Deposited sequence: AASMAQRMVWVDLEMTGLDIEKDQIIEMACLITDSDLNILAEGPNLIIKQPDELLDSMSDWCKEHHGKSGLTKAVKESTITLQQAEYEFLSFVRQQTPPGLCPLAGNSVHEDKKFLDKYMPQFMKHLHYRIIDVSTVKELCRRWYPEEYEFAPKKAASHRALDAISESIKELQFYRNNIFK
């Protein structure tokens, strides 16, 4: 149950946001919503805020990053926030993977599927994945 949580992140100067859902996409906890300079708070202090947050919310090594094309976020975080990424699993929940499958296999449904703030990007991604679960999964 705790091992099936998801760590949703989005990055957009860089703005970073994070929140936790359970396996059924219900939001359990809101994390930091912070601004850093591209390599207002230092990268190291930001990384600590996000690491402390996920330490309070997920078991070590077990939970994946989640978001739209979150592999791009993961490339950045693997390089610049490696201690945060050490807390997470290496697999991801890439909502855009489900988007590409929906477009191919469920074109009718795809036509109805779901700001530039990071927290809004997370909210949209969760809503999009919930739409896929409701409309194209068994």
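> Mind pulling out the bits of the deposited sequence that never got modelled, as residue ranges from 1?
According to the deposited record, C-alpha coordinates are absent for 1 to 2, 15 to 24, 52 to 78, 154 to 157, which together make up the missing parts.
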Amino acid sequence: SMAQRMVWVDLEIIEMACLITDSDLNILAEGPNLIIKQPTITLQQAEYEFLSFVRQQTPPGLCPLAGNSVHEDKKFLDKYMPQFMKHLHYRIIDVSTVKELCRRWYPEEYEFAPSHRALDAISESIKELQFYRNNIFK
From here on, numbers count along this sequence of modelled residues.
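> Which has the higher mean CA temperature factor in the PDB entry, 52 to 60 or 95 to 103?
Stretch with the greater average CA B-factor: 52 to 60.
> Per the entry, where is the mean C-alpha temperature factor higher: 64 to 72 or 27 to 35?
If you average the C-alpha B-factors of 64 to 72 and of 27 to 35, the larger mean comes out for 27 to 35.
> Per the entry's values, where does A121 land by CA temperature factor relative to the rest of its chain, in the lowest, middle or highest third?
Highest third - that is where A121 ends up once the chain's C-alpha B-factors are sorted.
> Should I41 be placed in the lowest, middle or highest third of its chain by the C-alpha B factor in the entry?
According to the entry, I41 has a C-alpha B-factor in the chain's highest third.
> What third of the chain, by the recorded C-alpha B-factor, contains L129?
Lowest third of the chain for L129's C-alpha B-factor.
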